[PDB]
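Novice: To start, I am sharing the structure in question, which I have written as structure tokens.
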12 protein chains.
Amino acid sequence: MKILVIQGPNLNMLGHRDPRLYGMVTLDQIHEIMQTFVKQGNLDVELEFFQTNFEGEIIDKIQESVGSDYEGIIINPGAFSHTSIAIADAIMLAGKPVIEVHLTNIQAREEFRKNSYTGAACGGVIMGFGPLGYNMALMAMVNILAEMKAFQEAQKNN
Amino acid sequence: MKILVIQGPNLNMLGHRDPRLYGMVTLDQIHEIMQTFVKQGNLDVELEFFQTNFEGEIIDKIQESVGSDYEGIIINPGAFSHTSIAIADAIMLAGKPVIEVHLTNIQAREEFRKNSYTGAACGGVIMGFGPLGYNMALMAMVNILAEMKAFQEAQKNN
Amino acid sequence: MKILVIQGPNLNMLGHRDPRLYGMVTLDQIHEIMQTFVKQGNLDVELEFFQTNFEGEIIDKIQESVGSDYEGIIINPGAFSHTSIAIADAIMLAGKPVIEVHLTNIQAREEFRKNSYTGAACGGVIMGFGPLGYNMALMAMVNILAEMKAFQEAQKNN
Amino acid sequence: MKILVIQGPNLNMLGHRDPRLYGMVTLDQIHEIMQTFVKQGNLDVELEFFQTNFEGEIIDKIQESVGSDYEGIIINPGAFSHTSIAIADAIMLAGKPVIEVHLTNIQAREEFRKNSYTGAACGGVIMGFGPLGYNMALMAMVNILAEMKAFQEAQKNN
Amino acid sequence: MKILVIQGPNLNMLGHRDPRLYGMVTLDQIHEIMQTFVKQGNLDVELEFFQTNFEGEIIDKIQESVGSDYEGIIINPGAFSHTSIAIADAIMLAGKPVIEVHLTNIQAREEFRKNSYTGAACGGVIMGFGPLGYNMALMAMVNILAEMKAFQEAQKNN
Amino acid sequence: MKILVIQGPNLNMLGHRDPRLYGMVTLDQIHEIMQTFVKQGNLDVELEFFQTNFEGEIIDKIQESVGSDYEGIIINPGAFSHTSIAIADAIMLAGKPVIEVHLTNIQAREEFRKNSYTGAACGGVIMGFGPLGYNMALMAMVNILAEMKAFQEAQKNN
Amino acid sequence: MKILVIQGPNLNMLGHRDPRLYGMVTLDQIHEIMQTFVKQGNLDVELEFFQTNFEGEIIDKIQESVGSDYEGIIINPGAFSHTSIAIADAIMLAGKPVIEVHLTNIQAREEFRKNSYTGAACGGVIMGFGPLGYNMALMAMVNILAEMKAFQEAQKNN
Amino acid sequence: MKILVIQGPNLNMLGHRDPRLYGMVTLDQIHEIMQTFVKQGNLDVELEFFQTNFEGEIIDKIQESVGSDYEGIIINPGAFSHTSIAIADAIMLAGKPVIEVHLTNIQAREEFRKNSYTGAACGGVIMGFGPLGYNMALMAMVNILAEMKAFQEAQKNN
Amino acid sequence: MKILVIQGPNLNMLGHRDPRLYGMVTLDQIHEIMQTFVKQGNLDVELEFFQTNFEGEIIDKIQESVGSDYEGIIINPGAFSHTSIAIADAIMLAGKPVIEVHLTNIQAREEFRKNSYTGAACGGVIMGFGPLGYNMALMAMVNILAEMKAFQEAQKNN
Amino acid sequence: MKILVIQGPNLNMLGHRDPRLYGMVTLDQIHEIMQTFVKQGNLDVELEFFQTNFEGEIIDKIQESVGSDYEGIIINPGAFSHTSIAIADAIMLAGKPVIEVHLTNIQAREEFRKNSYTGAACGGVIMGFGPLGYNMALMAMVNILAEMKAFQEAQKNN
Amino acid sequence: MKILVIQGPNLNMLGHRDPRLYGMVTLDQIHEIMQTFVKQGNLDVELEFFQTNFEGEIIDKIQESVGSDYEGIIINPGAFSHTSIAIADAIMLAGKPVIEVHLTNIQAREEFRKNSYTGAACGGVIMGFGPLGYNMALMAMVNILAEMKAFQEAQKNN
Amino acid sequence: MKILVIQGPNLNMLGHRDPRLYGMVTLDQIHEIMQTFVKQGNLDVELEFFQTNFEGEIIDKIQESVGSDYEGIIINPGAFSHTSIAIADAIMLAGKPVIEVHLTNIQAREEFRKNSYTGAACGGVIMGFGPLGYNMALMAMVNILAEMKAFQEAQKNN
Ligand SMILES: COc1ccc(C[C@H]2C(=O)[C@@H](O)[C@H](O)C[C@]2(O)C(=O)O)cc1
Ligand SMILES: COc1ccc(C[C@H]2C(=O)[C@@H](O)[C@H](O)C[C@]2(O)C(=O)O)cc1
Ligand SMILES: COc1ccc(C[C@H]2C(=O)[C@@H](O)[C@H](O)C[C@]2(O)C(=O)O)cc1
Ligand SMILES: COc1ccc(C[C@H]2C(=O)[C@@H](O)[C@H](O)C[C@]2(O)C(=O)O)cc1
Ligand SMILES: COc1ccc(C[C@H]2C(=O)[C@@H](O)[C@H](O)C[C@]2(O)C(=O)O)cc1
Ligand SMILES: COc1ccc(C[C@H]2C(=O)[C@@H](O)[C@H](O)C[C@]2(O)C(=O)O)cc1
């Protein structure tokens, strides 16, 4: 079971700068916490990670997931959440669970950060738990895929 | 470790009405899924549940948590999320983690449901995963309390 | 055929309010006018009246209507019509006709009195006719149950 | 006692419109339902019906009512309710009761259908009850003229 | 196959006034170029033209289209595009392909001209090509009507 | 020298209704005050008067003035001032002075009466002087035409 | 001479929480300082205190004031100031001097706190003086009530 | 009969700069056209002129008119029309006719020039006729004072 | 202990004009009642009064307060409250307690009067009590200044 | 005569996803139908196609058009239409006819899709005709280019 | 070459304001820094400095610059930048370069500080660089007069 | 001392744009003017220039500046200044001075060009001075590093 993890603009500078909102954890540190979680829980999940500062690369990458080795996407589109109708459109044609994660509680920051075009297109949104939000998304994803598969074959047979 | 779970207006009619947004699960059914989760994971957590259609009762109940047997609140304030500055004020003086949960993705519904006063006051917000969102909150809460306690005594000593 | 009449906040001080908008009639007097209209019309109709200044009690009541001795609701939510998303949701999940009544023409007052959340949920809205408006609501409620009940017997036989 | 019924634009295509909102009734059929309601009620009431798609003709008519064979007006200005300040002014200078009727619940449709200029000018507004709403308007119109006429004889004798 | 061409207010003053936006061509010259197009392309299409400065007349003529010698409508509702909820309703009830044409790019003009209520009701909108836009409409309408016909016989004989 | 005077909707009911904004003067009374003014001042001006409740008739009438017996228009578009882009467009292609008059000070009434589309298209606007505003417009018009004619021939010669 | 002091939601948590805005004083200490003021100034004034987190309770208690042992009300409706059209209505129907008090300067806080519906219904508003504001209210109320009394006997014996 | 003429900021630079909106006429030139008008029409009117760039001086000057040698004010508050609540308040306590004049049609310029606080306080508003607007105001003023005086003594006697 | 009382534009016209909002008392009478209060209460307080219709003068006089014979300011900036960012800045840089007073309840007036920029800069705001509000300000200022003094000697000798 | 066809983000996923709005046709099939049109109509037109999900790439390719093998551009900037001031600038500096095409009627969709910054920069806009719109663009472009050529030789030899 | 430096309200209290935004520099000190920059640069440049808290004095000064010993203006209108249409008009009719300077980054402060009316009138705006910004303005002012003066001699010879 | 100059989209077409706003200068030419200004000033300053039409590349570059051979950044983000929250975040985490430059006065253009997200993040903004603005940015950048570097040696010695 392949899960894609897409990290948006500036998230590679995470850990390195502004401990007030974000703390002292790098992006690589978040990705290995996600590994431990999977190996520890003994889950049959294989993670691929991708980070870009480019709106187009995010869209390209969501489009590749259609040719489905991947079964789900966990995405933090970063500042593009508030501006990108394109990425929201990409998500709406994925035909697979997409969960949005934000490190910070965007309902408590500047006014231009409150709307998430992208979030409205995703099935679910997690915000404000820092790195933890990411494992919450893995948990969520695994239940959803597990749920879909149980439904599918058990409904298909009869 | 005592966690309070507060369920807002109309959430007692859940399961009984409109399978399109909400599906076929009662409020009692959500509360027992939260029990299994705790007993299964072998967590030292004791849940108390409370549901009311009254803005004042929610505020009263948050105020009781100050006299702390309770260490955290998981709250779905329902339609009061969008209107209640009072409940948001209550949350801001709790002096303990408060996580907000919504069954539905409020970024994808009517315009008057997009802002959460209450959500802005909570440390974190989970939306759109249905009943599952609630266990995600338990997971989150347990890590946060575990984290705070590790920090506290290990920083206190030195 | 039992019909619930809910009256919202401050309606009990009716007969003592601004004499221009409201006149000099009492809430007790309106409920007589409705009985008289039932008597004189030979409408097999049992009316129950309930007035509160509490949002939550209105929600409680609407919810108790689902234990369905009652077949319709006539509601004047008062000032809560403009603020209560909670009551609007309850109306939406009553599964039975709800008619909103206002004494005054709310399109003709202050700006914040123009939107009715509750009214968007009801099947219909009546405003501007003072006390008489309740009798119009009765007239319609009787007529909608009669039409619904001819329609339920017209599709169980075929 | 003569009562004018004005019907606004597109109401003549009724019975051929969106079958959800409007059903399959005709404007001719509504006007029968109103006659039948007058007959069966023994209301000494002479109804005249007039439908136009022209703003100016509605204004013309309302104005001709001032040469007062007519004592009341029942109007459904249609789409012009949201745009016509002209018709609203005419209503304001008719010097006789005007009741606005809508078939559909206009609080429950598009944003631009929510304001009624014309409705703010009328004594009262009825929306959401389909054809039945016209009979409610009649009921009220009869009742307002009766009350006005008891009041005109109660202050010329003293 | 009759196509009704409705032209809105002030379009009769065309050609004679303001060369900067509108150029040197009269409304009658536009109706010639359209006939020329049909004649040259050899299409079995009869055009009928109509210009008015009256809102209710436009609605009237749309309403006449339903009694159908007319298979479609090309309309330039002029300034009414931005104000007329009523014409927009008429188009919706027509139940035939309607195309909206504008000589100028209404996206590049005053702010009150960007909104087309009528446009939102039409199947398609063409703007900013001067008189050419009118022929583009014809092309499209002939193509739309061809498909419908092909589709009509091929979907009954399955 | 021919001046056209166009009076908009409801202005024929003037004098007859609401002495608070408008006083006790009929439309015919205003038109004869305009006559006295011209004959008294010994002006070579001939007035034609026109009143309609129809947006289209106003536009038709402005369009006739192009075929110029008329040299100027004095217009009170009434409630159409605030809604009619069409009439404003008509005015902009007249190619002759158009002065707008309002009996009332529209900067002091309801909010929806503050903007005048039409006023923005006219060279000048007079408001709030009651019937007097009309002679002020005649004065203005006469100076403007007198000024234009002086300029024209005196500049043409050299 | 009884003055009813109504305190709104979360004011019972006062003194115990957030020193930056609110300082070190409990609600009970505020009620002492008020009694002290009355006692020292020697005024024939009996205070009665009441705190609630329930909207309908505030309305109830205002409604109880009409049956009048109570000559006036000092109210701090808390967060409800900004949301409660209903409390604002209650104050309007009370027919007695009501003063609104706020500990903090609501003009200098979040944007959603600048609007007081309740304040607009009160005779006067005091804000930003901490507990002192409460005594300022007493001063004013005693003065307002003194005038009324003087005025009451002096305007009947003319 | 003394009329005060107040000219607002930048109106002293008139004539000297930007012939496109304003033409080639100085402020002194406007004031002498107003003189000719009075002496020519043989009117018993004596004009005083005042120009300032100071909001306070305008207010001081309106306040002096109360001590009434003056019977009316003609005012062009310039850019202060759009910003000054103070000057509007001054005008509302003058207790004498105040007419507002603008050289330019402020309904046709930038958006921030459309509202006139001051204009809403004046009895009347004249805009867009250039210097001419000023004599139109003199005409208006003279009729108004003449009218008031005729009414006063003729109503006083009987 | 000098308290500077600054009064804004048009307050000098007080008492003489508009009895409905403002009543029968002159600005000089208000300054008497203030002196009387100080004299009777026996307080070691010297008042200095100042009224102006000029914005820059208010700023000047605030700026003079910094060179400090003056321990505080009571201000009613009048209409400038709603417009003057500059006065608001002056108050912020003053570094002394400033209280804002308004005779009327600016929450209950026109919409453009609800915003106080100056108020948001002051420590506290009093509104709607007529001349009384002025004494309330004195009380508060004397109390605020007493605390500061007590605090000043007690926080250096720890 | 080369025409550059630029297609925006997610248009490559066309045909494969969401039949309700977009239908059953791939982007490559659209490029065929365009070639077919050119081939059949016999036009001396060479098409070059380009699709990208990257904003800067669209700008790059427009910028390449200036070095001109290319006489014109047909563009569907996709979701970027509503957000990209930058693409809109590129189009403005191109100095060649650009037509904007949209498959769907963007006037009839979500509110954030009604605004086209790019559209306002193009000569003309076509929307709501599915793939057909693309050929309509070709027709128009060939006609626009024909005129320009004719005009170009005829305006130098005068 | 004489250059006027106008400084707006509260700039004289500089060196005593909020030490974060402004530091601890004085207006006297800034004017030295500008002299020093003129001296050390050998710019034949005579500087005059003027500071006021009065809108009208700024207008007076700008106007006196038209009696042109001065060739350029460097202005920091202060808080009036956001409110003064008057000053913006004066700048527009100075007929000479005007550069606006701000100490603080006004895009980075409160919402009401973001618009600069005055800045839209100036040739250029400088913000955010504290005192240094004045020397940048000088640099540019010198460079613009040099370029203008090469351009005035390059078109009087040809 | 190395200084990065980033240039945003379309700046490369400079010298070919609208000749009014931009003139006829090239991006190559601006970069010479900056070198020349470094040479002639003896500023030990190494400039690197980079222009892109891609949002992501700007983010990439700003990020690479953190591997700090570069000490300051001078950026003209172009159209992205009004839309890019991403670039604004990158600026915020560069940890070194960033100055925003615009050629044109963006307060003086279209409404959507007025806000600069990017500019709110920079230490300072320069607009309106065309090419010269870059040399002003250099001047300031040099001066800010000199001041920072005197300040870093003034607090490591103490
Ligand atoms: C320190 O550099 C950072 C850059 C981005 C973020 C992520 C956040 C972000 O980029 C915001 O623009 C967005 O609105 C929320 C965010 O995506 C998050 O909190 O996860 C965190 C740290
Ligand atoms: C079927 O009755 C229900 C009533 C409330 C809810 C919860 C949701 C709700 O009450 C909305 O008003 C709110 O904006 C979101 C909600 O709290 C949620 O999705 O959890 C679900 C089902
Ligand atoms: C020169 O007389 C004319 C009057 C109207 C029009 C048409 C345009 C119009 O009436 C506007 O109100 C509308 O927004 C766009 C218009 O319909 C068009 O461009 O076709 C063209 C020329
Ligand atoms: C009593 O019937 C009247 C109807 C219209 C009017 C004219 C005014 C009007 O129609 C308003 O809708 C418009 O905004 C201003 C008006 O045109 C005017 O004051 O002249 C006056 C009296
Ligand atoms: C060339 O200097 C002038 C300055 C002001 C004015 C008057 C106009 C003005 O000051 C605007 O700010 C105002 O909105 C309208 C104005 O008062 C008018 O057109 O009379 C005319 C010319
Ligand atoms: C009758 O002359 C008066 C002029 C001004 C005022 C004061 C009020 C005022 O100037 C308004 O612009 C302001 O919004 C409120 C006011 O300052 C107050 O109520 O104190 C009172 C009376």
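Chain lettering (A, B, ...) mirrors the order of the structure tokens, residue numbering begins at 1 for each chain separately, and ligand numbering begins at 1 in order of display.
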Could you name the residues that touch residue 80 in chain C at 9 Å or less, counting only C-alpha atoms, but leaving out those on the same chain fewer than 6 positions away, as an mmCIF file with C-alpha atoms, in the first residue's frame?

Specialist:
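The file below, result_17.cif, is the result:
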data_model
loop_
_atom_site.group_PDB
_atom_site.id
_atom_site.type_symbol
_atom_site.label_atom_id
_atom_site.label_comp_id
_atom_site.auth_asym_id
_atom_site.auth_seq_id
_atom_site.Cartn_x
_atom_site.Cartn_y
_atom_site.Cartn_z
ATOM 1 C CA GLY C 8 -39.392 32.518 20.855
ATOM 2 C CA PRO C 9 -37.817 35.028 23.259
ATOM 3 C CA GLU C 55 -32.346 28.775 22.377
ATOM 4 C CA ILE C 87 -32.370 26.003 15.513
ATOM 5 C CA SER C 116 -33.738 34.339 8.607
ATOM 6 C CA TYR C 117 -31.570 31.234 9.015
ATOM 7 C CA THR C 118 -34.532 29.491 10.556
ATOM 8 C CA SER G 84 -27.521 38.842 21.161
ATOM 9 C CA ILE G 85 -30.273 40.647 19.327
ATOM 10 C CA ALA G 86 -32.623 38.990 21.889
#

Novice: Excluding same-chain residues fewer than 5 positions from residue 66 in chain K, what lies within 12 Å of it counting only C-alpha atoms, as a ChimeraX atom specification?

Specialist: /H:13,16-17 /K:4,59-61,71-73,90-97

Novice: Write the residues you've just listed into a file as a PDB file, in the first residue's frame, and include C-alpha atoms for each of them.

Specialist:
ATOM      1  CA  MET H  13      -6.002  77.586  -7.377  1.00  0.00           C
ATOM      2  CA  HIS H  16      -4.842  78.544 -12.732  1.00  0.00           C
ATOM      3  CA  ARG H  17      -4.517  74.685 -13.136  1.00  0.00           C
TER       4      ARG H  17
ATOM      5  CA  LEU K   4      10.874  72.011   0.380  1.00  0.00           C
ATOM      6  CA  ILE K  59      -2.209  72.791   1.722  1.00  0.00           C
ATOM      7  CA  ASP K  60      -1.130  76.460   2.159  1.00  0.00           C
ATOM      8  CA  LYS K  61       2.526  75.465   1.756  1.00  0.00           C
ATOM      9  CA  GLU K  71      11.429  73.102  -7.681  1.00  0.00           C
ATOM     10  CA  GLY K  72      10.567  69.956  -5.732  1.00  0.00           C
ATOM     11  CA  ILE K  73       8.801  68.771  -2.603  1.00  0.00           C
ATOM     12  CA  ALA K  90      -2.958  70.134  -3.812  1.00  0.00           C
ATOM     13  CA  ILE K  91      -0.152  67.765  -4.762  1.00  0.00           C
ATOM     14  CA  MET K  92      -1.889  67.171  -8.059  1.00  0.00           C
ATOM     15  CA  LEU K  93      -1.883  70.854  -8.866  1.00  0.00           C
ATOM     16  CA  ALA K  94       1.640  71.714  -7.691  1.00  0.00           C
ATOM     17  CA  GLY K  95       3.049  71.081 -11.156  1.00  0.00           C
ATOM     18  CA  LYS K  96       6.365  69.866  -9.720  1.00  0.00           C
ATOM     19  CA  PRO K  97       7.825  66.620  -8.452  1.00  0.00           C
TER      20      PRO K  97
END

Novice: Which distance in Å separates CA of residue 30 in chain E and CA of residue 74 in chain J, to one decimal?

Specialist: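 Result for CA of residue 30 in chain E versus CA of residue 74 in chain J: 25.0 Å, one decimal.
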
Novice: Using only C-alpha atoms and all ligand atoms, which residues of the polymer chains come no farther than 7 Å from ligand 3? I'd like the answer as a count of residues only.

Specialist: 27

Novice: Give me, please, the distance in Å between CA of residue 64 in chain B and CA of residue 50 in chain G, quoted to one decimal.

Specialist: 18.8 Å

Novice: Show me, as a PyMOL selection string, the residues of chain H whose atoms get within 9 Å of chain F, using only C-alpha atoms for the distance check.

Specialist: chain H and resi 104-109+114-117+119-129+132-133+136-137+139-140+143-144

Novice: Any idea what's packed within 9 Å of range 36-38 of chain A, counting only C-alpha atoms, ignoring anything in its chain fewer than 4 positions away? Could you give it as JSON, numbers by chain?

Specialist: {"A": [32, 42, 43, 44, 45, 46, 47, 135, 138]}

Novice: Take the residues from that selection and write them out as a PDB file, in the first residue's frame, keeping N, CA, C and O atoms.

Specialist:
ATOM      1  N   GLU A  32      10.823  10.874   9.140  1.00  0.00           N
ATOM      2  CA  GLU A  32      11.223   9.672   9.844  1.00  0.00           C
ATOM      3  C   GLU A  32      10.292   9.326  11.005  1.00  0.00           C
ATOM      4  O   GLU A  32      10.091   8.146  11.303  1.00  0.00           O
ATOM      5  N   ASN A  42       3.356  -1.892  12.553  1.00  0.00           N
ATOM      6  CA  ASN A  42       3.461  -3.071  11.691  1.00  0.00           C
ATOM      7  C   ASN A  42       2.544  -2.972  10.459  1.00  0.00           C
ATOM      8  O   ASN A  42       2.102  -3.976   9.908  1.00  0.00           O
ATOM      9  N   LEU A  43       2.301  -1.743  10.015  1.00  0.00           N
ATOM     10  CA  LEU A  43       1.380  -1.457   8.919  1.00  0.00           C
ATOM     11  C   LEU A  43       2.020  -1.799   7.567  1.00  0.00           C
ATOM     12  O   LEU A  43       3.214  -1.592   7.379  1.00  0.00           O
ATOM     13  N   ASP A  44       1.236  -2.338   6.639  1.00  0.00           N
ATOM     14  CA  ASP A  44       1.715  -2.568   5.272  1.00  0.00           C
ATOM     15  C   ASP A  44       1.500  -1.272   4.484  1.00  0.00           C
ATOM     16  O   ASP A  44       0.554  -1.151   3.687  1.00  0.00           O
ATOM     17  N   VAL A  45       2.379  -0.304   4.748  1.00  0.00           N
ATOM     18  CA  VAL A  45       2.312   1.000   4.111  1.00  0.00           C
ATOM     19  C   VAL A  45       3.702   1.373   3.673  1.00  0.00           C
ATOM     20  O   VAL A  45       4.650   1.208   4.410  1.00  0.00           O
ATOM     21  N   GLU A  46       3.817   1.868   2.457  1.00  0.00           N
ATOM     22  CA  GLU A  46       5.078   2.347   1.971  1.00  0.00           C
ATOM     23  C   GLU A  46       4.939   3.816   1.563  1.00  0.00           C
ATOM     24  O   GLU A  46       4.142   4.159   0.693  1.00  0.00           O
ATOM     25  N   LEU A  47       5.724   4.674   2.197  1.00  0.00           N
ATOM     26  CA  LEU A  47       5.633   6.101   2.005  1.00  0.00           C
ATOM     27  C   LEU A  47       6.607   6.582   0.951  1.00  0.00           C
ATOM     28  O   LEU A  47       7.767   6.188   0.962  1.00  0.00           O
ATOM     29  N   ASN A 135       1.044  12.033  11.618  1.00  0.00           N
ATOM     30  CA  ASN A 135       0.771  10.638  11.931  1.00  0.00           C
ATOM     31  C   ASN A 135      -0.716  10.420  12.076  1.00  0.00           C
ATOM     32  O   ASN A 135      -1.221   9.310  11.809  1.00  0.00           O
ATOM     33  N   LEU A 138      -1.865   9.649   8.750  1.00  0.00           N
ATOM     34  CA  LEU A 138      -1.534   8.224   8.429  1.00  0.00           C
ATOM     35  C   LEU A 138      -2.517   7.262   9.060  1.00  0.00           C
ATOM     36  O   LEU A 138      -3.071   6.370   8.410  1.00  0.00           O
TER      37      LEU A 138
END

Novice: Can you list, as an MDAnalysis selection string, every residue of chain A that DSSP puts in alpha helix (DSSP H)?

Specialist: chainID A and resid 27:40 55:64 80:83 85:92 117:121 132:156

Novice: How would you write, as a list in words, the set of residues in chain L that DSSP gives as strand (DSSP E)?

Specialist: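 Listing strand (DSSP E) positions across chain L yields residues 2, 3, 4, 5, 6, 7, 46, 47, 48, 49, 50, 51, 70, 71, 72, 73, 74, 75, 76, 98, 99, 100, 101, 124, 125, 126 and 127 of chain L.
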
Novice: Keeping only C-alpha atoms, write those residues as an mmCIF file, in the first residue's frame.

Specialist:
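New file again-v2.cif:
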data_model
loop_
_atom_site.group_PDB
_atom_site.id
_atom_site.type_symbol
_atom_site.label_atom_id
_atom_site.label_comp_id
_atom_site.auth_asym_id
_atom_site.auth_seq_id
_atom_site.Cartn_x
_atom_site.Cartn_y
_atom_site.Cartn_z
ATOM 1 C CA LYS L 2 27.436 40.392 -2.109
ATOM 2 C CA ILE L 3 23.894 41.619 -2.967
ATOM 3 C CA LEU L 4 21.301 39.532 -4.838
ATOM 4 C CA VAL L 5 18.923 41.270 -7.308
ATOM 5 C CA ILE L 6 15.836 39.175 -8.095
ATOM 6 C CA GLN L 7 13.532 40.382 -10.873
ATOM 7 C CA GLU L 46 29.358 42.350 -5.617
ATOM 8 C CA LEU L 47 25.995 42.229 -7.478
ATOM 9 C CA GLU L 48 24.296 39.116 -8.866
ATOM 10 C CA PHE L 49 21.249 39.408 -11.115
ATOM 11 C CA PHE L 50 18.514 36.797 -11.670
ATOM 12 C CA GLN L 51 15.209 37.102 -13.525
ATOM 13 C CA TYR L 70 24.693 36.964 0.155
ATOM 14 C CA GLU L 71 23.961 39.530 2.869
ATOM 15 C CA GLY L 72 21.020 41.388 1.338
ATOM 16 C CA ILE L 73 18.329 41.064 -1.300
ATOM 17 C CA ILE L 74 16.779 43.631 -3.613
ATOM 18 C CA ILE L 75 13.579 42.203 -5.156
ATOM 19 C CA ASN L 76 10.903 43.335 -7.580
ATOM 20 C CA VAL L 98 15.150 42.496 1.729
ATOM 21 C CA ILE L 99 14.086 45.657 -0.050
ATOM 22 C CA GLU L 100 11.188 45.658 -2.496
ATOM 23 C CA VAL L 101 11.388 47.824 -5.580
ATOM 24 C CA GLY L 124 11.178 48.595 3.051
ATOM 25 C CA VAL L 125 9.438 49.424 -0.218
ATOM 26 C CA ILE L 126 10.317 51.816 -3.056
ATOM 27 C CA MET L 127 7.856 52.584 -5.857
#

Novice: For CA of residue 65 in chain B and CA of residue 33 in chain G, quote the distance in Å rounded to one decimal.

Specialist: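 It comes out at 28.8 Å.
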